[PDB]
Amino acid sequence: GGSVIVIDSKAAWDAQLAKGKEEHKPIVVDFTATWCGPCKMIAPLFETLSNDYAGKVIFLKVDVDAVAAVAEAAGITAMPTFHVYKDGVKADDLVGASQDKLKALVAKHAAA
């Protein structure tokens, strides 16, 4: 929902990472699963933040069931896991469903 872009393939993943690098905009990614309780608790905030920061931060969703190869390359072991990507590469991460920590992560990387 919101301004979150759902990733459906490795090809789409690569293309979004490439666009964030060209646009010089940070990317925040939610690695998630619909069987995971904490994922369901935090997804509304991820969506709201995607609206609030639309234009400053790009928001992607990777369902680990839908794109296991992208989940594997990201080294995920618990969910939700949030990654920040800048200039094509992982810059930061945050594991778990803390609302304050997710807000702080987006603000940190949106201030540039």
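Numbers for residues come from their place in the sequence shown, where the first is 1.
Between the stretches 25 to 33 and 50 to 58, it is 50 to 58 that shows the larger average CA temperature factor.
Comparing 82 to 90 with 40 to 48, the stretch with the higher mean C-alpha B-factor in the PDB entry is 82 to 90.
Ranked by C-alpha B-factor against the other modelled residues of its chain, residue 72 falls in the middle third.
In the deposited entry, the Cα temperature factor of residue 18 places it in the highest third of its chain's modelled residues. Ranked against the other modelled residues of its chain, the C-alpha B-factor of residue 111 as given in the entry falls in the highest third. In the deposited entry, the Cα temperature factor of residue 12 sits in the bottom third of values across the chain's modelled residues.
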